[PDB]
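A.B. asks: Pasting an experimental structure with its sequence.
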Amino acid sequence: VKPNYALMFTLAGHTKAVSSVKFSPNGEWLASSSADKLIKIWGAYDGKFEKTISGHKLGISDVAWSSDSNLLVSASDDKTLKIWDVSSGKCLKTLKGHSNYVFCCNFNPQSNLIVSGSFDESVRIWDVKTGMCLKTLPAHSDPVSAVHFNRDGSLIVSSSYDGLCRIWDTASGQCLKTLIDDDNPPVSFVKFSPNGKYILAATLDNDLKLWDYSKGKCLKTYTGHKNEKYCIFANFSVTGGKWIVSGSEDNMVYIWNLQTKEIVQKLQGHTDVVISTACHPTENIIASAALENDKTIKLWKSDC
Amino acid sequence: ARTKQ
């Protein structure tokens, strides 16, 4: 098996490089954030523009959905994160505390908490209801590239340019594990596997790795793409065959066989670094977005 | 700013 993703649509609208694309949990929406300071909502199946949500003062590096597809959180260079009511498009709260760019964000499964990572080298945990910061973790010694809750919310994983990936206990904020990748190259992205037993990390040495964090063992490696400059999102595609999906600095989307580590398909079309990709929660659909010379978003569909 | 290196 090799998926056969083909272009569905090209979503244009952003005036600057797109930074992140995410599918809502119920699967009917695609939310995008851009260096143009805007967030746009699109129809996941028709690729139809739905609305623009604005408010941030500077570019936005990331956006995440709440478990009920009703809320959206964004991380911006203006040093804040913003919680948005998706249907009205208005800003419910502005999370303040970070002393530099906020680079990444995510709701926990319960969606009562928000975790953020910033260039200030800290990871903060916020209360969604009040917009207050509950904890500030002295997580790394360099910018934090990614933050992610595991499936039960008890854990948080963070990656950093300091070359480390750390597992944190959500309730206490204490570090449970620090992982080293021998040469310790900058970690540009990390995320738990759907079942929560693994961690997929991207390092700026053109390499992706699946780790059993508990054992500190590398089970698989995915290479062949180009990644030594930007923090490119990576995904687990489990709707059909089990694949590993990721953007690449050579303008293509890479799809690997998760078990054999074999490249099963490269999607062509974008005209600049594919900085972000997302996998639809129920259908074999992929959303990809590129930088400045492209600024478009593409929806791909496969029989898988 | 993820869009910048």
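C.D. replies: Everything's here; your move. Numbering: from 1, shown residues only, chains lettered A, B, ... in the order given.
A.B. asks: drop to CA atoms for contacts and neighbour counts, all remaining ones
C.D. replies: Will do.
A.B. asks: Residues of the stretch 151-300 of chain A that sit close to chain B?
C.D. replies: The interface of the stretch 151-300 of chain A toward chain B, taken as C-alpha under 8 Å from any C-alpha of the partner chain, is made up of A:229, A:230, A:231, A:275, A:291, A:292.
A.B. asks: how does it look with 6 Å?
C.D. replies: Taking C-alpha under 6 Å from any C-alpha of the partner chain as the criterion, the neighbours of chain B within the stretch 151-300 of chain A are residue A:230.
A.B. asks: Give me the number of neighbouring residues for residue A:62.
C.D. replies: Residues lying near residue A:62 (other C-alpha atoms under 10 Å in any protein chain shown) number 30.
A.B. asks: Looks like it contacts residue A:18 (just checking).
C.D. replies: No - applying C-alpha atoms under 6 Å, one finds residue A:62 not in contact with residue A:18, separated by 9.7 Å.
A.B. asks: Please report phi then psi for residue A:76.
C.D. replies: Main-chain torsions, residue A:76, degrees, to the nearest 10: phi -130, psi 160.
A.B. asks: Next up, the contacts around it.
C.D. replies: With C-alpha atoms under 6 Å, 6 or more residues apart in numbering or on different chains as the criterion, the residues that contact residue A:76 are A:59, A:60, A:61, A:102.
A.B. asks: From what I see, the last one and residue A:78 are in contact.
C.D. replies: Yep, that's residue A:102 we're talking about. No - Residue A:102 is not in contact with residue A:78 according to C-alpha under 6 Å; the separation is 7.7 Å.
A.B. asks: Show me which of these two is the more surrounded one.
C.D. replies: Relative neighbour count places residue A:102 above the other of residue A:102 and residue A:78, with 32 against 18, counting by other C-alpha under 10 Å.
A.B. asks: Return the residues in contact with the more buried one.
C.D. replies: Applying C-alpha under 6 Å, 6+ apart to residue A:102 gives the contacts A:75, A:76, A:77, A:79, A:117, A:118.
A.B. asks: at 10 Å instead, please
C.D. replies: Each residue near residue A:102 by C-alpha atoms under 10 Å, 6 or more residues apart in numbering or on different chains is listed here: A:60-62, A:74-81, A:116-123, A:143-145, B:1-2.
A.B. asks: Over to residue A:10?
C.D. replies: When contacts are counted by C-alpha under 10 Å, 6+ apart, residue A:10 touches A:47, A:269, A:270, A:287, A:288, A:289, A:296, A:297, A:298, A:299, A:300.
A.B. asks: now do 7 Å
C.D. replies: With contact set as C-alpha atoms under 7 Å, 6 or more residues apart in numbering or on different chains, residue A:10 has these partners: A:296, A:297, A:298, A:299.
A.B. asks: State the helix or strand in which residue A:158 lies.
C.D. replies: Secondary structure assigned from DSSP states H and E places residue A:158 in strand A:155-160.
A.B. asks: partner strands of that strand, parallel or antiparallel?
C.D. replies: Looking at strand A:155-160 with DSSP bridges, its paired strands and their directions are strand A:144-149 (antiparallel), strand A:164-169 (antiparallel).
A.B. asks: Report the buried residues of the last one.
C.D. replies: For strand A:164-169, a neighbour-count test (16 or more other C-alpha atoms under 10 Å in any protein chain shown) marks A:164, A:165, A:166, A:167, A:168 as buried.
A.B. asks: quick one, phi psi at the residue lying closest to residue A:279 once chain neighbours are set aside?
C.D. replies: Ranked by C-alpha to C-alpha, 6 or more residues apart in numbering or on different chains and with sequence neighbours excluded, the top spatial neighbour of residue A:279 is residue A:286, at 5.0 Å. Backbone geometry at residue A:286, expressed as degrees, to the nearest 10, gives phi -120, psi 130.
A.B. asks: Quick check, residue A:286 in contact with residue A:299.
C.D. replies: Yes - with the criterion set as C-alpha atoms under 7 Å, residue A:286 and residue A:299 qualify as a contacting pair; they are 5.6 Å apart.
A.B. asks: ok, which stretches of the stretch 201-304 of chain A are strands?
C.D. replies: Along the stretch 201-304 of chain A, counting by DSSP state E, counting those that start in this stretch, strands occupy A:207-212, A:217-223, A:234-237, A:243-246, A:253-257, A:263-267, A:274-279, A:285-290, A:297-301.
A.B. asks: Put together a markdown table for these, with mean neighbour count on each row.
C.D. replies: Output for those, formatted as a markdown table (neighbours: other C-alpha atoms under 10 Å in any protein chain shown):
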| stretch | mean neighbour count |
| --- | --- |
| strand A:207-212 | 20 |
| strand A:217-223 | 16 |
| strand A:234-237 | 23 |
| strand A:243-246 | 26 |
| strand A:253-257 | 25 |
| strand A:263-267 | 18 |
| strand A:274-279 | 28 |
| strand A:285-290 | 28 |
| strand A:297-301 | 21 |
